[PDB]
file protein-v8.tsv (TSV, C-alpha atoms and all ligand atoms)
chain	number	residue	atom	x	y	z
A	4	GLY	CA	98.36	-17.68	-98.52
A	5	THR	CA	102.06	-17.71	-99.40
A	6	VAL	CA	103.89	-19.84	-96.80
A	7	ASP	CA	103.13	-23.17	-95.12
A	8	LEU	CA	102.78	-23.88	-91.39
A	9	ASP	CA	106.05	-25.76	-91.40
A	10	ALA	CA	108.10	-22.67	-92.22
A	11	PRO	CA	110.31	-21.97	-89.16
A	12	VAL	CA	108.50	-18.82	-87.89
A	13	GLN	CA	105.02	-20.22	-88.56
A	14	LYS	CA	105.89	-23.50	-86.78
A	15	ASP	CA	107.06	-21.62	-83.74
A	16	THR	CA	103.87	-19.53	-83.80
A	17	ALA	CA	101.86	-22.84	-84.01
A	18	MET	CA	103.61	-24.23	-80.95
A	19	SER	CA	102.85	-21.05	-78.96
A	20	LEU	CA	99.19	-21.08	-80.00
A	21	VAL	CA	98.78	-24.70	-78.94
A	22	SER	CA	100.60	-24.12	-75.62
A	23	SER	CA	98.21	-21.23	-74.91
A	24	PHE	CA	95.31	-23.71	-75.40
A	25	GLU	CA	96.86	-26.61	-73.53
A	26	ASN	CA	98.64	-24.78	-70.68
A	27	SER	CA	97.62	-21.10	-70.74
A	28	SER	CA	101.16	-19.93	-71.69
A	29	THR	CA	102.81	-18.95	-75.00
A	30	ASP	CA	106.11	-20.30	-73.59
A	31	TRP	CA	105.83	-23.67	-75.27
A	32	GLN	CA	109.34	-24.85	-74.35
A	33	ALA	CA	108.34	-24.66	-70.63
A	34	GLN	CA	105.71	-27.38	-71.27
A	35	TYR	CA	107.80	-30.53	-71.98
A	36	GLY	CA	107.56	-31.37	-68.27
A	37	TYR	CA	103.81	-30.90	-67.97
A	38	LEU	CA	102.17	-33.94	-66.43
A	39	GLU	CA	98.64	-34.04	-64.97
A	40	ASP	CA	95.57	-36.30	-64.84
A	41	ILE	CA	92.92	-33.72	-65.88
A	42	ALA	CA	90.20	-36.24	-64.89
A	43	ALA	CA	88.62	-36.49	-68.32
A	44	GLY	CA	89.17	-40.28	-68.58
A	45	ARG	CA	92.52	-40.35	-70.43
A	46	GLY	CA	94.73	-41.03	-67.37
A	47	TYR	CA	97.92	-39.00	-67.37
A	48	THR	CA	98.23	-36.18	-69.89
A	49	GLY	CA	101.86	-35.05	-70.43
A	50	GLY	CA	104.27	-32.96	-72.51
A	51	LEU	CA	103.83	-30.40	-75.25
A	52	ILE	CA	100.63	-31.65	-76.81
A	53	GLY	CA	99.10	-33.81	-74.10
A	54	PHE	CA	100.34	-37.30	-74.86
A	55	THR	CA	98.22	-39.63	-72.70
A	56	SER	CA	98.62	-42.93	-70.85
A	57	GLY	CA	95.01	-43.94	-71.81
A	58	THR	CA	95.26	-43.47	-75.57
A	59	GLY	CA	98.58	-45.16	-76.53
A	60	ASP	CA	100.69	-42.13	-77.49
A	61	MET	CA	102.47	-41.59	-74.17
A	62	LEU	CA	103.53	-45.23	-74.47
A	63	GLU	CA	104.74	-44.77	-78.00
A	64	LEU	CA	106.70	-41.74	-76.90
A	65	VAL	CA	108.38	-43.47	-73.93
A	66	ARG	CA	109.26	-46.54	-76.09
A	67	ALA	CA	110.83	-44.28	-78.74
A	68	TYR	CA	112.71	-42.32	-76.02
A	69	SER	CA	114.01	-45.62	-74.67
A	70	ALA	CA	115.20	-46.73	-78.11
A	71	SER	CA	117.09	-43.50	-78.60
A	72	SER	CA	118.22	-43.17	-74.95
A	73	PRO	CA	118.62	-46.54	-73.20
A	74	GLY	CA	118.48	-46.56	-69.40
A	75	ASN	CA	116.63	-43.24	-69.07
A	76	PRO	CA	114.45	-42.84	-65.95
A	77	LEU	CA	111.16	-43.47	-67.78
A	78	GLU	CA	112.10	-46.83	-69.34
A	79	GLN	CA	111.29	-48.91	-66.23
A	80	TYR	CA	107.67	-47.62	-66.46
A	81	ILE	CA	107.17	-49.16	-69.92
A	82	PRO	CA	105.49	-52.29	-68.54
A	83	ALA	CA	103.05	-50.18	-66.44
A	84	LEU	CA	102.21	-47.93	-69.46
A	85	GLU	CA	101.54	-51.06	-71.53
A	86	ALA	CA	99.28	-52.37	-68.77
A	87	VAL	CA	97.17	-49.18	-68.32
A	88	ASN	CA	96.95	-48.35	-72.04
A	89	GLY	CA	93.22	-48.19	-72.92
A	90	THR	CA	92.17	-47.20	-69.38
A	91	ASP	CA	92.61	-44.12	-67.19
A	92	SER	CA	94.40	-46.14	-64.40
A	93	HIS	CA	97.62	-44.90	-62.76
A	94	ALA	CA	98.52	-48.40	-61.60
A	95	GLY	CA	102.25	-48.99	-61.57
A	96	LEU	CA	102.98	-45.35	-62.15
A	97	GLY	CA	102.38	-42.77	-59.40
A	98	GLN	CA	104.97	-40.49	-57.73
A	99	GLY	CA	108.01	-42.46	-59.03
A	100	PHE	CA	106.73	-42.11	-62.57
A	101	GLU	CA	105.82	-38.44	-62.06
A	102	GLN	CA	109.36	-37.74	-60.76
A	103	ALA	CA	110.98	-39.70	-63.59
A	104	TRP	CA	108.96	-37.60	-66.07
A	105	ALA	CA	110.18	-34.44	-64.39
A	106	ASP	CA	113.79	-35.74	-64.52
A	107	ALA	CA	113.50	-36.82	-68.22
A	108	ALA	CA	112.02	-33.44	-69.17
A	109	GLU	CA	115.31	-31.74	-68.13
A	110	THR	CA	117.18	-33.61	-70.88
A	111	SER	CA	117.71	-32.85	-74.60
A	112	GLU	CA	116.91	-36.39	-75.47
A	113	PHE	CA	113.41	-36.49	-73.94
A	114	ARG	CA	112.63	-33.08	-75.46
A	115	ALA	CA	113.74	-34.43	-78.83
A	116	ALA	CA	111.59	-37.53	-78.41
A	117	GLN	CA	108.50	-35.34	-77.70
A	118	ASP	CA	109.32	-33.21	-80.75
A	119	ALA	CA	109.58	-36.29	-82.95
A	120	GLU	CA	106.36	-37.89	-81.80
A	121	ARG	CA	104.56	-34.48	-82.18
A	122	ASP	CA	105.83	-34.12	-85.70
A	123	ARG	CA	105.30	-37.74	-86.89
A	124	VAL	CA	101.77	-38.23	-85.62
A	125	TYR	CA	100.23	-34.73	-85.37
A	126	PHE	CA	102.06	-31.85	-87.00
A	127	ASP	CA	103.46	-33.21	-90.27
A	128	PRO	CA	100.11	-35.06	-91.07
A	129	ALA	CA	98.23	-31.75	-90.49
A	130	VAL	CA	100.55	-29.90	-92.80
A	131	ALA	CA	100.48	-32.59	-95.53
A	132	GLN	CA	96.65	-32.95	-95.49
A	133	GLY	CA	96.23	-29.11	-95.39
A	134	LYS	CA	98.44	-28.70	-98.38
A	135	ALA	CA	96.58	-31.55	-100.23
A	136	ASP	CA	93.33	-29.69	-99.56
A	137	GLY	CA	94.87	-26.45	-100.83
A	138	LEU	CA	94.84	-24.68	-97.51
A	139	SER	CA	96.93	-21.76	-96.24
A	140	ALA	CA	99.05	-21.90	-93.05
A	141	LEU	CA	95.96	-20.95	-91.04
A	142	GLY	CA	94.05	-23.94	-92.53
A	143	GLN	CA	97.00	-26.23	-91.80
A	144	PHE	CA	96.92	-24.92	-88.23
A	145	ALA	CA	93.18	-25.67	-87.99
A	146	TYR	CA	93.98	-29.27	-88.88
A	147	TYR	CA	96.95	-29.42	-86.45
A	148	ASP	CA	94.90	-28.18	-83.50
A	149	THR	CA	92.15	-30.69	-84.37
A	150	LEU	CA	94.72	-33.50	-84.44
A	151	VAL	CA	96.14	-32.37	-81.06
A	152	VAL	CA	92.72	-32.50	-79.35
A	153	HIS	CA	90.86	-35.24	-81.18
A	154	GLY	CA	93.69	-37.33	-82.55
A	155	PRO	CA	94.07	-39.12	-85.85
A	156	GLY	CA	91.48	-41.54	-87.12
A	157	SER	CA	88.54	-41.82	-89.46
A	158	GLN	CA	85.91	-42.01	-86.66
A	159	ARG	CA	83.47	-39.16	-86.49
A	160	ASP	CA	85.11	-37.83	-83.34
A	161	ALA	CA	88.71	-37.91	-84.73
A	162	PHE	CA	90.43	-35.63	-87.22
A	163	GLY	CA	89.56	-37.73	-90.35
A	164	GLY	CA	85.84	-37.72	-89.36
A	165	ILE	CA	85.75	-34.00	-88.62
A	166	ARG	CA	87.41	-33.28	-91.99
A	167	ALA	CA	84.87	-35.64	-93.71
A	168	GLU	CA	81.98	-33.71	-92.13
A	169	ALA	CA	83.48	-30.38	-93.27
A	170	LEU	CA	83.94	-31.71	-96.85
A	171	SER	CA	80.26	-32.74	-96.88
A	172	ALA	CA	79.26	-29.10	-96.18
A	173	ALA	CA	81.80	-27.10	-98.22
A	174	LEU	CA	84.34	-27.81	-101.01
A	175	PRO	CA	87.96	-27.28	-100.15
A	176	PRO	CA	90.23	-24.93	-102.18
A	177	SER	CA	91.88	-27.87	-103.98
A	178	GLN	CA	88.48	-28.62	-105.50
A	179	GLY	CA	87.57	-25.00	-106.39
A	180	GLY	CA	85.98	-23.98	-103.07
A	181	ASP	CA	86.55	-20.75	-101.20
A	182	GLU	CA	88.97	-21.16	-98.23
A	183	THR	CA	86.97	-18.98	-95.82
A	184	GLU	CA	83.71	-20.89	-96.44
A	185	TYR	CA	85.56	-24.18	-96.07
A	186	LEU	CA	87.23	-23.28	-92.76
A	187	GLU	CA	83.97	-21.85	-91.32
A	188	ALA	CA	82.43	-25.28	-92.14
A	189	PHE	CA	85.39	-27.04	-90.61
A	190	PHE	CA	85.23	-24.98	-87.40
A	191	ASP	CA	81.45	-25.65	-87.23
A	192	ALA	CA	82.00	-29.43	-87.56
A	193	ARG	CA	84.77	-29.40	-84.96
A	194	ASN	CA	82.63	-27.43	-82.43
A	195	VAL	CA	79.94	-30.17	-82.64
A	196	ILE	CA	82.50	-32.79	-81.57
A	197	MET	CA	84.10	-30.56	-78.91
A	198	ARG	CA	80.69	-29.99	-77.26
A	199	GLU	CA	80.12	-33.77	-77.00
A	200	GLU	CA	82.69	-34.10	-74.18
A	201	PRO	CA	82.48	-31.97	-71.02
A	202	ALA	CA	86.27	-31.50	-70.91
A	203	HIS	CA	86.14	-30.03	-74.45
A	204	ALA	CA	82.88	-28.13	-74.12
A	205	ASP	CA	84.71	-24.76	-73.96
A	206	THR	CA	85.41	-24.04	-77.61
A	207	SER	CA	87.30	-20.76	-77.13
A	208	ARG	CA	90.45	-22.16	-78.92
A	209	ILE	CA	88.23	-21.98	-81.97
A	210	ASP	CA	85.82	-19.19	-81.24
A	211	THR	CA	88.09	-16.53	-79.83
A	212	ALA	CA	91.30	-17.54	-81.55
A	213	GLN	CA	91.15	-19.53	-84.78
A	214	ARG	CA	87.94	-17.92	-86.01
A	215	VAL	CA	89.45	-14.50	-85.19
A	216	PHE	CA	92.53	-15.14	-87.37
A	217	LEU	CA	90.21	-16.22	-90.18
A	218	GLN	CA	87.98	-13.11	-89.76
A	219	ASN	CA	91.12	-10.96	-89.98
A	220	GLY	CA	92.16	-12.80	-93.18
A	221	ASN	CA	95.39	-13.85	-91.50
A	222	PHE	CA	95.98	-16.79	-93.82
A	223	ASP	CA	99.69	-16.89	-93.34
A	224	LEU	CA	99.37	-16.78	-89.61
A	225	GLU	CA	101.75	-13.86	-89.38
A	226	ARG	CA	102.68	-11.94	-86.30
A	227	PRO	CA	101.62	-9.83	-84.57
A	228	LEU	CA	98.76	-12.10	-83.39
A	229	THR	CA	96.43	-11.52	-80.53
A	230	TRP	CA	93.73	-13.98	-79.31
A	231	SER	CA	91.96	-15.20	-76.20
A	232	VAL	CA	91.42	-18.63	-74.78
A	233	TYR	CA	89.47	-19.39	-71.58
A	234	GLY	CA	88.75	-15.63	-71.43
A	235	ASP	CA	92.53	-14.72	-71.06
A	236	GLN	CA	94.24	-12.62	-73.79
A	237	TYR	CA	97.56	-13.56	-75.40
A	238	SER	CA	99.84	-11.84	-77.91
A	239	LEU	CA	102.74	-12.81	-80.09
A	240	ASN	CA	104.87	-10.11	-81.46
B	301	LIG	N1	94.36	-18.41	-66.18
B	301	LIG	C1	93.38	-19.37	-65.76
B	301	LIG	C2	93.09	-20.26	-66.96
B	301	LIG	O1	94.32	-20.93	-67.26
B	301	LIG	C3	91.99	-21.27	-66.68
B	301	LIG	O2	91.56	-22.01	-67.72
B	301	LIG	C4	91.98	-23.39	-67.80
B	301	LIG	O3	93.38	-23.44	-68.25
B	301	LIG	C5	93.86	-24.76	-68.35
B	301	LIG	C6	95.35	-24.66	-68.78
B	301	LIG	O4	95.33	-24.09	-70.09
B	301	LIG	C7	92.99	-25.65	-69.25
B	301	LIG	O5	93.45	-26.92	-69.15
B	301	LIG	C8	93.82	-27.63	-70.29
B	301	LIG	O6	92.61	-28.03	-70.89
B	301	LIG	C9	92.79	-28.62	-72.13
B	301	LIG	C10	91.37	-28.71	-72.68
B	301	LIG	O7	90.80	-29.93	-72.15
B	301	LIG	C11	93.59	-29.91	-71.93
B	301	LIG	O8	93.85	-30.49	-73.19
B	301	LIG	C12	94.92	-29.64	-71.21
B	301	LIG	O9	95.57	-30.89	-70.91
B	301	LIG	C13	94.60	-28.91	-69.92
B	301	LIG	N2	95.84	-28.55	-69.24
B	301	LIG	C14	91.50	-25.60	-68.82
B	301	LIG	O10	90.73	-26.34	-69.76
B	301	LIG	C15	91.06	-24.15	-68.71
B	301	LIG	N3	89.70	-24.08	-68.08
B	301	LIG	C16	90.79	-20.68	-65.93
B	301	LIG	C17	90.24	-21.71	-64.95
B	301	LIG	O11	89.06	-22.28	-65.56
B	301	LIG	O12	91.05	-19.53	-65.11
B	301	LIG	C18	92.11	-18.62	-65.38
B	301	LIG	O13	92.34	-17.78	-64.21
B	302	LIG	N1	96.98	-37.31	-77.10
B	302	LIG	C1	95.62	-37.82	-77.20
B	302	LIG	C2	95.42	-38.59	-78.51
B	302	LIG	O1	96.13	-39.85	-78.50
B	302	LIG	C3	93.93	-38.94	-78.61
B	302	LIG	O2	93.55	-39.37	-79.88
B	302	LIG	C4	93.56	-40.73	-80.19
B	302	LIG	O3	94.93	-41.07	-80.50
B	302	LIG	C5	95.08	-42.47	-80.67
B	302	LIG	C6	96.57	-42.78	-80.80
B	302	LIG	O4	97.26	-41.60	-81.23
B	302	LIG	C7	94.26	-42.86	-81.91
B	302	LIG	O5	94.43	-44.26	-82.15
B	302	LIG	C8	92.76	-42.51	-81.75
B	302	LIG	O6	92.00	-42.74	-82.98
B	302	LIG	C9	92.67	-41.02	-81.42
B	302	LIG	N2	91.30	-40.57	-81.29
B	302	LIG	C10	92.99	-37.75	-78.30
B	302	LIG	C11	91.50	-38.10	-78.29
B	302	LIG	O7	91.23	-39.19	-77.34
B	302	LIG	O8	93.28	-37.23	-77.01
B	302	LIG	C12	94.59	-36.66	-77.07
B	302	LIG	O9	94.70	-36.00	-75.84

call {"tool": "encode", "arguments": {"input": "protein-v8.tsv", "output": "structure tokens"}}
result
Amino acid sequence: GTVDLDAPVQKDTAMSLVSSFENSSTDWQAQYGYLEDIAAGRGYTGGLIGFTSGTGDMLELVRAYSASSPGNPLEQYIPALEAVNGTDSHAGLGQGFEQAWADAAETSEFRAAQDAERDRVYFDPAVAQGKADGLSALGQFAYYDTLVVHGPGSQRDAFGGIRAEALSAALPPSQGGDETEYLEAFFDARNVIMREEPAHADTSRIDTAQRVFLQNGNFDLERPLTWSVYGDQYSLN
């Protein structure tokens, strides 16, 4: 490879790939207002990368939004988000919270808060670890999508654990290993974890997208790209 995932065109391409996986649309800027309980046990899932009320990151996002934009319509729901954190309960939230999310998503400031939380927790750590492992943009993207779905952490079902399992099977480029063999190992490790949860059992984001880019040798993740997820085809010129 020759460019990292954080280059401006590659980053935009990354956001469109993840929106195709999360919302079945390459129009990633239409997804800041997404808010749904997809009934997989995480409560509400919201925004560009599926921040959730069950796992702490929706809370972190709304707190940061409230620091940067006092009095916004989500701030009053901070106590409820604190209370349901760690559970999939909607208690204290409901239609008023769903409407306040919709309202906040029309503003620059909420969109900026989502961008910041995405970059601090998920995207910039994927890029930094990819580069430390000697990976191309496509490798960096493999790490980013893993962080989006599985989150950070060293547990076997989080990004750090998936990466540890890959490293046990294949050396990364930074240690002399071949990138293709490393990413095939990484995708194999990730698919094991995906298949352990019924909501993640469909691995097409890997098998008919990421693996395709690797097969094509598209290490810089350059356009034009074509891929499928959930049996639907997508293209980015
Ligand atoms: N065109 C539909 C096709 O969209 C659909 O597939 C479903 O699409 C959903 C939106 O992308 C997707 O939901 C996301 O799932 C991920 C994986 O858990 C979550 O992280 C997101 O929060 C969800 N929004 C479904 O998983 C996916 N099955 C399909 C119906 O099955 O039919 C086509 O006609
Ligand atoms: N958006 C969630 C994401 O939060 C979650 O991953 C967890 O994130 C926690 C806080 O960021 C972290 O402490 C924990 O170790 C992660 N596994 C994943 C997986 O539950 O789901 C995403 O939808």

call {"tool": "closest_atom_pairs", "arguments": {"input": "protein-v8.tsv", "of": "region 51-84 of chain A", "to": "region 7-28 of chain A", "cutoff": "12 Å", "atoms": "all atoms listed in the file", "output": "JSON lines"}}
result
{"residue": "A:51", "atom": "CA", "partner": "A:22", "partner_atom": "CA", "distance": 7.1}
{"residue": "A:52", "atom": "CA", "partner": "A:25", "partner_atom": "CA", "distance": 7.1}
{"residue": "A:53", "atom": "CA", "partner": "A:25", "partner_atom": "CA", "distance": 7.6}
{"residue": "A:54", "atom": "CA", "partner": "A:25", "partner_atom": "CA", "distance": 11.3}

call {"tool": "write_last_selection", "arguments": {"input": "protein-v8.tsv", "atoms": "C-alpha atoms", "output": "PDB file, in the coordinates of the input"}}
result
ATOM      1  CA  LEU A  51     103.830 -30.400 -75.250  1.00  0.00           C
ATOM      2  CA  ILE A  52     100.630 -31.650 -76.810  1.00  0.00           C
ATOM      3  CA  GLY A  53      99.100 -33.810 -74.100  1.00  0.00           C
ATOM      4  CA  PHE A  54     100.340 -37.300 -74.860  1.00  0.00           C
TER       5      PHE A  54
END

call {"tool": "residues_near_ligand", "arguments": {"input": "protein-v8.tsv", "ligand": "ligand LIG 301 (chain B)", "cutoff": "10 Å", "atoms": "all atoms listed in the file", "output": "PyMOL selection string"}}
result
chain A and resi 21-28+37-43+45+47-55+151-153+197+200-208+232-236

call {"tool": "residues_around", "arguments": {"input": "protein-v8.tsv", "residues": "region 75-77 of chain A", "least_positions_apart": "3", "cutoff": "10 Å", "atoms": "only C-alpha atoms", "output": "list in words"}}
result
residues 65, 66, 68, 69, 70, 71, 72, 80, 81, 99, 100, 101, 102, 103, 104, 105, 106, 107, 110, 112 and 113 of chain A

call {"tool": "closest_residue", "arguments": {"input": "protein-v8.tsv", "among": "A:158, A:34, A:90, A:132", "to": "ligand LIG 302 (chain B)", "atoms": "all atoms listed in the file"}}
result
A:158

call {"tool": "axis_aligned_box", "arguments": {"input": "protein-v8.tsv", "around": "ligand LIG 302 (chain B)", "padding_each_side": "5 Å", "output": "AutoDock Vina command-line options"}}
result
--center_x 94.2 --center_y -40.1 --center_z -79.4 --size_x 16.0 --size_y 18.3 --size_z 17.1

call {"tool": "residues_around", "arguments": {"input": "protein-v8.tsv", "residues": "residue 130 (chain A)", "least_positions_apart": "2", "cutoff": "12 Å", "atoms": "only C-alpha atoms", "output": "ChimeraX atom specification"}}
result
/A:6-10,13-14,17,122-128,132-150

call {"tool": "closest_residue", "arguments": {"input": "protein-v8.tsv", "among": "A:192, A:29, A:121, A:58", "to": "residue 231 (chain A)", "atoms": "only C-alpha atoms"}}
result
A:29

call {"tool": "atom_distance", "arguments": {"input": "protein-v8.tsv", "atom1": "CA of residue 83 (chain A)", "atom2": "CA of residue 62 (chain A)"}}
result
9.4 Å

call {"tool": "residues_around", "arguments": {"input": "protein-v8.tsv", "residues": "residue 216 (chain A)", "least_positions_apart": "3", "cutoff": "9 Å", "atoms": "all atoms listed in the file", "output": "list in words"}}
result
residues 141, 211, 212, 213, 219, 220, 221, 222, 224, 228, 229 and 230 of chain A

call {"tool": "atom_distance", "arguments": {"input": "protein-v8.tsv", "atom1": "CA of residue 116 (chain A)", "atom2": "CA of residue 78 (chain A)"}}
result
13.0 Å

call {"tool": "closest_residue", "arguments": {"input": "protein-v8.tsv", "among": "A:196, A:86, A:209, A:186", "to": "ligand LIG 302 (chain B)", "atoms": "only C-alpha atoms and all ligand atoms"}}
result
A:196

call {"tool": "atom_distance", "arguments": {"input": "protein-v8.tsv", "atom1": "CA of residue 36 (chain A)", "atom2": "CA of residue 111 (chain A)"}}
result
12.1 Å

call {"tool": "closest_residue", "arguments": {"input": "protein-v8.tsv", "among": "A:198, A:191, A:179, A:35", "to": "residue 108 (chain A)", "atoms": "only C-alpha atoms"}}
result
A:35

call {"tool": "closest_residue", "arguments": {"input": "protein-v8.tsv", "among": "A:30, A:120, A:225, A:109", "to": "ligand LIG 302 (chain B)", "atoms": "only C-alpha atoms and all ligand atoms"}}
result
A:120

call {"tool": "closest_residue", "arguments": {"input": "protein-v8.tsv", "among": "A:195, A:169, A:61, A:174", "to": "ligand LIG 302 (chain B)", "atoms": "all atoms listed in the file"}}
result
A:61

call {"tool": "decode", "arguments": {"input": "protein-v8.tsv", "residues": "region 106-120 of chain A", "atoms": "N, CA, C and O atoms", "output": "PDB file, in the first residue's frame"}}
result
ATOM      1  N   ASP A 106     -34.173  15.447  16.724  1.00  0.00           N
ATOM      2  CA  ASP A 106     -33.941  16.913  16.788  1.00  0.00           C
ATOM      3  C   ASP A 106     -32.423  17.223  16.802  1.00  0.00           C
ATOM      4  O   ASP A 106     -31.926  18.087  16.009  1.00  0.00           O
ATOM      5  N   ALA A 107     -31.686  16.523  17.673  1.00  0.00           N
ATOM      6  CA  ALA A 107     -30.224  16.780  17.844  1.00  0.00           C
ATOM      7  C   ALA A 107     -29.511  16.455  16.528  1.00  0.00           C
ATOM      8  O   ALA A 107     -28.570  17.185  16.083  1.00  0.00           O
ATOM      9  N   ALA A 108     -29.950  15.378  15.870  1.00  0.00           N
ATOM     10  CA  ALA A 108     -29.304  14.957  14.626  1.00  0.00           C
ATOM     11  C   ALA A 108     -29.419  15.966  13.482  1.00  0.00           C
ATOM     12  O   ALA A 108     -28.663  15.883  12.540  1.00  0.00           O
ATOM     13  N   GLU A 109     -30.356  16.912  13.564  1.00  0.00           N
ATOM     14  CA  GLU A 109     -30.397  18.046  12.603  1.00  0.00           C
ATOM     15  C   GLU A 109     -29.341  19.145  12.831  1.00  0.00           C
ATOM     16  O   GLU A 109     -29.229  20.063  12.030  1.00  0.00           O
ATOM     17  N   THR A 110     -28.559  19.048  13.889  1.00  0.00           N
ATOM     18  CA  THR A 110     -27.645  20.129  14.224  1.00  0.00           C
ATOM     19  C   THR A 110     -26.201  19.743  13.866  1.00  0.00           C
ATOM     20  O   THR A 110     -25.810  18.564  13.972  1.00  0.00           O
ATOM     21  N   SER A 111     -25.397  20.745  13.507  1.00  0.00           N
ATOM     22  CA  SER A 111     -23.942  20.606  13.369  1.00  0.00           C
ATOM     23  C   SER A 111     -23.277  20.048  14.589  1.00  0.00           C
ATOM     24  O   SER A 111     -22.320  19.230  14.483  1.00  0.00           O
ATOM     25  N   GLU A 112     -23.735  20.488  15.753  1.00  0.00           N
ATOM     26  CA  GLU A 112     -23.018  20.197  16.958  1.00  0.00           C
ATOM     27  C   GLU A 112     -23.181  18.730  17.329  1.00  0.00           C
ATOM     28  O   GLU A 112     -22.223  18.144  17.774  1.00  0.00           O
ATOM     29  N   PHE A 113     -24.360  18.141  17.138  1.00  0.00           N
ATOM     30  CA  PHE A 113     -24.513  16.712  17.446  1.00  0.00           C
ATOM     31  C   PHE A 113     -23.714  15.888  16.420  1.00  0.00           C
ATOM     32  O   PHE A 113     -23.125  14.841  16.757  1.00  0.00           O
ATOM     33  N   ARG A 114     -23.761  16.301  15.162  1.00  0.00           N
ATOM     34  CA  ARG A 114     -23.027  15.590  14.122  1.00  0.00           C
ATOM     35  C   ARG A 114     -21.538  15.628  14.418  1.00  0.00           C
ATOM     36  O   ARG A 114     -20.837  14.613  14.239  1.00  0.00           O
ATOM     37  N   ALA A 115     -21.056  16.777  14.894  1.00  0.00           N
ATOM     38  CA  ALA A 115     -19.646  16.865  15.297  1.00  0.00           C
ATOM     39  C   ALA A 115     -19.289  16.004  16.456  1.00  0.00           C
ATOM     40  O   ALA A 115     -18.167  15.424  16.458  1.00  0.00           O
ATOM     41  N   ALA A 116     -20.223  15.874  17.415  1.00  0.00           N
ATOM     42  CA  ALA A 116     -20.004  15.048  18.608  1.00  0.00           C
ATOM     43  C   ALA A 116     -19.916  13.575  18.185  1.00  0.00           C
ATOM     44  O   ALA A 116     -19.085  12.841  18.709  1.00  0.00           O
ATOM     45  N   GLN A 117     -20.809  13.133  17.288  1.00  0.00           N
ATOM     46  CA  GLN A 117     -20.712  11.748  16.771  1.00  0.00           C
ATOM     47  C   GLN A 117     -19.355  11.510  16.071  1.00  0.00           C
ATOM     48  O   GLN A 117     -18.726  10.462  16.225  1.00  0.00           O
ATOM     49  N   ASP A 118     -18.921  12.501  15.302  1.00  0.00           N
ATOM     50  CA  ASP A 118     -17.698  12.365  14.526  1.00  0.00           C
ATOM     51  C   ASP A 118     -16.553  12.184  15.506  1.00  0.00           C
ATOM     52  O   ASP A 118     -15.632  11.388  15.287  1.00  0.00           O
ATOM     53  N   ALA A 119     -16.531  13.017  16.525  1.00  0.00           N
ATOM     54  CA  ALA A 119     -15.461  12.971  17.531  1.00  0.00           C
ATOM     55  C   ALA A 119     -15.376  11.675  18.316  1.00  0.00           C
ATOM     56  O   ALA A 119     -14.274  11.133  18.558  1.00  0.00           O
ATOM     57  N   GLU A 120     -16.531  11.170  18.716  1.00  0.00           N
ATOM     58  CA  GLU A 120     -16.556   9.925  19.480  1.00  0.00           C
ATOM     59  C   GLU A 120     -16.129   8.747  18.547  1.00  0.00           C
ATOM     60  O   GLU A 120     -15.329   7.874  18.936  1.00  0.00           O
TER      61      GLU A 120
END
